[PDB]
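Participant: Sequence first, structure after, both from an experimental entry:
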Amino acid sequence: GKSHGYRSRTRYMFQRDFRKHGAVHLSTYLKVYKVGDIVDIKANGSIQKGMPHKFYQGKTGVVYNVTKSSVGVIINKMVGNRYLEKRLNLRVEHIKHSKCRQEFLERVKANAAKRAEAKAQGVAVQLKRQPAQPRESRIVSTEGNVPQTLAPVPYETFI
Amino acid sequence: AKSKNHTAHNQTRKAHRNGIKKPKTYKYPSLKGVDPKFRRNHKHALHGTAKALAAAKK
Amino acid sequence: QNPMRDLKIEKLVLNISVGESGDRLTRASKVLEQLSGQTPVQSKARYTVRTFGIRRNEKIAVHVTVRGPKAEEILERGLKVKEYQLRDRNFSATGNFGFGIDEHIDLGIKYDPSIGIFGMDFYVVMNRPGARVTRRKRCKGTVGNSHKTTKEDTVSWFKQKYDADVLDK
Amino acid sequence: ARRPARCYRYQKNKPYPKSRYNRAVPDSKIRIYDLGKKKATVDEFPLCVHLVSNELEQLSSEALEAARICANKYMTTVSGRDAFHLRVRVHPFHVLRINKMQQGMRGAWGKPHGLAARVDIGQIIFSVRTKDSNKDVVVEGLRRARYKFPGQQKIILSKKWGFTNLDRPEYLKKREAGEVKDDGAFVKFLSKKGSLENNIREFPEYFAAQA
Amino acid sequence: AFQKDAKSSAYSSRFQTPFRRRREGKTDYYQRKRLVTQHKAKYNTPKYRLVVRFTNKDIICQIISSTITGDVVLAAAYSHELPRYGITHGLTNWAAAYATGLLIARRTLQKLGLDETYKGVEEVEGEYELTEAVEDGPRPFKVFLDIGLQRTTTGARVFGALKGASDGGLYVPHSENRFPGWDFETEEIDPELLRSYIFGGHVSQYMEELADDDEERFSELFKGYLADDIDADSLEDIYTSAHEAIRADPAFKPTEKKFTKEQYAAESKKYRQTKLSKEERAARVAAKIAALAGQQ
RNA sequence: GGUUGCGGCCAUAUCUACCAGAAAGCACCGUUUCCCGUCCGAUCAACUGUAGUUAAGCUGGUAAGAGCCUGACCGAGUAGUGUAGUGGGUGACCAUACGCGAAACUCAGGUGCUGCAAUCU
RNA sequence: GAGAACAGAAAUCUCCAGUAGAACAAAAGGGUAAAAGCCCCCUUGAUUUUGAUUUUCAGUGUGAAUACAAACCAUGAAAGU
RNA sequence: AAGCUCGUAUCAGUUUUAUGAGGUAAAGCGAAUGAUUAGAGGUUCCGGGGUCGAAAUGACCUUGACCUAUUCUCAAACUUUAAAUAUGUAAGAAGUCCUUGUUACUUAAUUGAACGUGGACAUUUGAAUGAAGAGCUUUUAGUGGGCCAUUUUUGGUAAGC
Ligand SMILES: [Mg+2]
Ligand SMILES: [Mg+2]
Ligand SMILES: [Mg+2]
Ligand SMILES: [Mg+2]
Ligand SMILES: [Mg+2]
Ligand SMILES: [Mg+2]
Ligand SMILES: [Mg+2]
Ligand SMILES: [Mg+2]
Ligand SMILES: [Mg+2]
Ligand SMILES: [Mg+2]
Ligand SMILES: [Mg+2]
Ligand SMILES: [Mg+2]
Ligand SMILES: [Mg+2]
Ligand SMILES: [Mg+2]
Ligand SMILES: [Mg+2]
Ligand SMILES: [Mg+2]
Ligand SMILES: [Mg+2]
Ligand SMILES: [Mg+2]
Ligand SMILES: [Mg+2]
Ligand SMILES: [Mg+2]
Ligand SMILES: [Mg+2]
Ligand SMILES: [Mg+2]
Ligand SMILES: [Mg+2]
Ligand SMILES: [Mg+2]
Ligand SMILES: [Mg+2]
Ligand SMILES: [Mg+2]
Ligand SMILES: [Mg+2]
Ligand SMILES: [Mg+2]
Ligand SMILES: [Mg+2]
Ligand SMILES: [Mg+2]
Ligand SMILES: [Mg+2]
Ligand SMILES: [Mg+2]
Ligand SMILES: [Mg+2]
Ligand SMILES: [Mg+2]
Ligand SMILES: [Mg+2]
Ligand SMILES: [Mg+2]
Ligand SMILES: [Mg+2]
Ligand SMILES: [Mg+2]
Ligand SMILES: [Mg+2]
Ligand SMILES: [Mg+2]
Ligand SMILES: [Mg+2]
Ligand SMILES: [Mg+2]
Ligand SMILES: [Mg+2]
Ligand SMILES: [Mg+2]
Ligand SMILES: [Mg+2]
Ligand SMILES: [Mg+2]
């Protein structure tokens, strides 16, 4: 018969990162989480208590509770044609502050800066991100860069 | 007489007719499952500030 | 350059491999007691053989380790039995040395037929000052090469005092 | 009783080697892989000719063994039994199953039937090395061997020196300088890396920068 | 090592090294983890440690909190400071460890403010007691004994430092079953014996017992005790007066420092070999192939 | 700069073989009355800082060193792959079009960085 | 690997090397080195009260598990567990 | 089907940017495990044979194993490396900053934690493309034998299996 245990299929998912077995280093416990924080889940195999079920491996959620040795992360997992809300109780070994919003927070603070500099100066801020534009025209000189003429090569073996 | 065992065929089709609905975010989510020792204090901490605000409109 | 890397005896361990427990063992144990002063330790069997007649955990033998120049007085006592002639093998590549004599009576102790006659294993482990680096708890390190005890450096030490011989090739 | 090779020609399965899960597979029909003067030195046989696969198929062990014999028989009895070094570059590690036929298709997993060697396009099947004065004879050996194999294979003359990896001039430059070192039937090369101390113990004919 | 001993390259490739402070045999992480980690719902509240370490005869007491960049020394006290407070001998004995902890207690408790309040024990009689919180006041400063790798034995002297910081006004939770004068078969503590260790009573009685039994040894050790005319009996009032000297002024005098850092740096930079350049390293090889291989 | 105690990252820190180390600190090192632990004061506990030593630990330097780290239009736009055709071929399989793109290899460079506190010609 | 009377391939004693190549009831896979393995010491938290949570899911039940709360305890110098 | 509450509003089987996760394809085997061909150099007081031998912990041939540096070939239930396609999150008013109340939680501490009062900056207000709009509620039918195609893929010699 089939087998569908809590940790089935998880040979390498929970594996330990080559040459990085052993006790978890101390910064992992010195980190500090608060409500609203955005964390990424990645289970640590050595720490079997407080583990996330494999489904939330690789997933990113928001902290909704802070307790002695653990955090509560809500995840939107989708079952059927909808999403449902999932409260996870994870130990601090499997959670990691997400840089998925560092750039945004960076962009806000640098956008307040540019805006103050614009308002203190003359107007025309223009601070929305814009996608990769096509190149502008350019002139390419041939000085010391005369074009070489390549041809396709004949068949060979050298086995 | 055997018959088909299982398939996920057409299931995403159906799932998308009224298809996948975003999780409907709210301001002020619930405290469901939040640490009781925190919630107990938090209650009085809200009772007080409320009493404090009513005291600005004495 | 030799100021502090002298060549002391780390400890002397006597060992009597009785092939059985029971009276014969405590009797052989009693040999090591009056001989070492220290109370001896007995070793259980590691597994079962049935041709040596032993079961696992059967208190096969007894032994005792003696540091502390009290050890020298027994090393010499037995080197007198070997007539101060060892062999070249006799000497680990890591610098220790050991031998074996039967009839513990050949070193001092009287007969007492209620005890019997037992053989011994004399094993002497050598070291230099500052071997503690390997044996302590904090900052446990390993002793440098030019401080480790060698077979050459021990044989010359053994020839020098006791004025003993070092026989065949 | 051995099924026709046609049944097992294409690579229709994932590799099914003899393993602790398989455990019960018959011996391989090809069991020797180096024939002729295999003891010989690298300088002894510069010319090298390959039997090269042109298909993505499976070669049985029974067809390797029959082809090893064919090619080795012809070469020796024309050029000499120590005139060449035949090397079979293809090992039959894939197991073929068979549903030995009351019950029907129910539970059809098969027992080991034989071994085969999975073989890519361009993959080399045979390799022989000789004096160039034996090129003809060797090529005819591999040409006769082809009739023992399903699928198209082509014989190719190597640009390399014997079983070495260096082409004829590039190998000569290394040997005729100082950097080659005989070793049984192969050769060690002098690296510019590692302990300078014993880099001169071995390869002493170097460091003069001459013949 | 032996020829049949050498490590393959494969061994070395797949070898995982431990943490540096483990290969150095210095940091027990399995302990450090449980010492440092804070309850996640207190969020920034540092867990301070009363680290005690014994060099070969110098006692170190630091109050330390932890940061991912490195730990933080709130304040430190070394038993080599004890001369300032009237102790010159046995700066590594049990009563020396008591004084240091007391010093580490008063010094921080001073620079934290809970100085006039929380004086700890001043009538030191070796009784077992912890610093109790003041009724309607700042709770006492809480620190946790970081023993390090010291092997816990009943009557060890790491716990002398502990008794001093506990008697100094720090809250260092502890049980009394590792203090000298704790009975084995009845779970009880003789405070008269523990008070004795706090004032060097085991050393005083020793100096007495050697003064009239083997004066050849009493001269070699206790040499400096002769050089200052300190027989045993007076050894108690030395540590008693030191206790006062500590509580009077713990403010940490530093050294007069005699040759500023720059000067210290130059002198040592002499005795420090500096690496070679790749050109230098290449020149020694090409010179070597001319030498060892060039047929003399 | 050195050293120490507590560290962070956890081999650019490990490994093998040699040599070098002033000052201070570590250290080795002496002792067994006391608390305390052993078959053994070796480890562990206590006492001295006195009797001795840089030999070892430690620190650094050397090596066409092993390992490790970094880079490279080195290999390689390769292997693989998403998309396309009433493309080729008996088939096995293979080219082509719009994209994404490795690994090994090879060669060059490198061999701990750093936080707090105390200390030192 | 090198050493020790009887002692032999295998008894017990010592030293060196040793990234786990062992052991952790059991299938296998994870995991683990001042431990999660081995030896010792003290124990009953394998306890009391009712909720939330994850997997299986209909987001029913059951099983199994996770993080708190409120007790009473164990252990350790302690942080802790 | 009935609708209901709203409507520049929020919305997306899509791209972009930023930040995660994964062990498949490939690749690897002079890297671990496990397979596999060939020699070459070492090792025995110590696997068995054989000459001399009274023996030898004796020399010398021999064959096996082992060690060293090489060599041909492999893996669904092997692997350091490691894609492509797929995949989690974020791209602001529910935002950012400042001033300082509340509590029985929490801190050595008016320390923090959470929730606030007062204040500052509006549409280039924070990527792209789209939008016959968005959200919400109830109630009920039929269905619960499926089959085919390209690609991935298991069993089978194979099958319009
Ligand atoms: Mg299954
Ligand atoms: Mg490890
Ligand atoms: Mg459990
Ligand atoms: Mg039916
Ligand atoms: Mg059917
Ligand atoms: Mg059906
Ligand atoms: Mg069924
Ligand atoms: Mg017997
Ligand atoms: Mg196919
Ligand atoms: Mg198949
Ligand atoms: Mg079966
Ligand atoms: Mg392949
Ligand atoms: Mg053919
Ligand atoms: Mg090659
Ligand atoms: Mg501990
Ligand atoms: Mg000095
Ligand atoms: Mg001693
Ligand atoms: Mg000690
Ligand atoms: Mg030196
Ligand atoms: Mg010296
Ligand atoms: Mg040190
Ligand atoms: Mg190197
Ligand atoms: Mg493709
Ligand atoms: Mg086609
Ligand atoms: Mg292709
Ligand atoms: Mg298991
Ligand atoms: Mg530990
Ligand atoms: Mg029960
Ligand atoms: Mg199911
Ligand atoms: Mg339901
Ligand atoms: Mg039901
Ligand atoms: Mg998988
Ligand atoms: Mg593959
Ligand atoms: Mg690879
Ligand atoms: Mg392999
Ligand atoms: Mg190599
Ligand atoms: Mg794989
Ligand atoms: Mg997407
Ligand atoms: Mg529009
Ligand atoms: Mg509209
Ligand atoms: Mg319906
Ligand atoms: Mg229905
Ligand atoms: Mg129905
Ligand atoms: Mg049904
Ligand atoms: Mg179609
Ligand atoms: Mg069908």
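Facilitator: Thanks, I have it. Residues are numbered from 1 along each chain as shown, chains lettered A, B, ... in the order given. Ligands and ions are numbered 1, 2, ... in the order given.
Participant: what residues are up against residue C:57?
Facilitator: Residues near residue C:57 by Cβ atoms under 8 Å, 6 or more residues apart in numbering or on different chains: C:44-45. C-beta: built from backbone N, CA, C; applies to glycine.
Participant: Against residue E:71, how distant is it?
Facilitator: Distance, residue C:57 to residue E:71, by Cβ to Cβ, to the nearest Å: 48 Å.
Participant: Spatially central residue for chain D, please.
Facilitator: residue D:89 (1.7 Å; Cα atoms, centre = their mean).
Participant: So that one is in contact with residue D:128, correct?
Facilitator: No. Residue D:89 is beyond contact range of residue D:128, at 10.5 Å (criterion: Cβ atoms under 8 Å).
Participant: So which bits of chain B are right by chain E?
Facilitator: For chain B, the contact set with chain E under Cβ under 8 Å from any Cβ of the partner chain comprises B:35, B:38.
Participant: Any idea how many residues pack against whichever residue of chain B sits closest to chain D?
Facilitator: Nearest residue of chain B to chain D: residue B:2, at 10.8 Å (Cβ to the nearest Cβ). By other Cβ atoms under 10 Å in any protein chain shown, 4 other residues sit near residue B:2.
Participant: can you check residue D:207 too?
Facilitator: 17.
Participant: can you map out the helices along chain E?
Facilitator: Along chain E, counting by DSSP state H, helices occupy E:9-13, E:20-23, E:29-36, E:94-112, E:158-168, E:191-198, E:201-211, E:215-220, E:223-227, E:235-248, E:261-270, E:278-292.
Participant: Ligand 27 is nearest to which of those helices?
Facilitator: Closest to ligand 27 of those is helix E:29-36 (Cβ to the ion; 3.2 Å).
Participant: Assumed residue D:127 was part of a strand.
Facilitator: Yes. With DSSP: H, G, I helix; E, B strand; the rest coil as the criterion, residue D:127 is part of a strand.
Participant: Residue D:187 versus residue D:179, what's the distance?
Facilitator: From residue D:179 over to residue D:187 the distance is 10 Å, taken as Cβ to Cβ.
Participant: Which one's more surrounded, the two?
Facilitator: Taking other Cβ under 10 Å, residue D:179 and residue D:187 do not tie; residue D:187 has more neighbours (21 against 17).
Participant: check contacts around the closest residue to the more buried one other than its chain neighbours.
Facilitator: In space, and not counting its chain neighbours, residue D:187 is closest to residue D:42: 4.5 Å by Cβ to Cβ, 6 or more residues apart in numbering or on different chains. Counting by Cβ under 8 Å, 6+ apart, residue D:42 makes contact with D:161-164, D:180, D:182, D:185-187.
Participant: Show me what the longest helix that chain C contains packs onto, helices and strands only.
Facilitator: Assignment by DSSP H gives helix C:23-36 as the longest helix of chain C. For helix C:23-36, the packing partners by 3 or more Cβ pairs under 8 Å, 6 or more residues apart in numbering or on different chains; DSSP states H and E come out as strand C:8-16, strand C:61-66, helix C:70-79.
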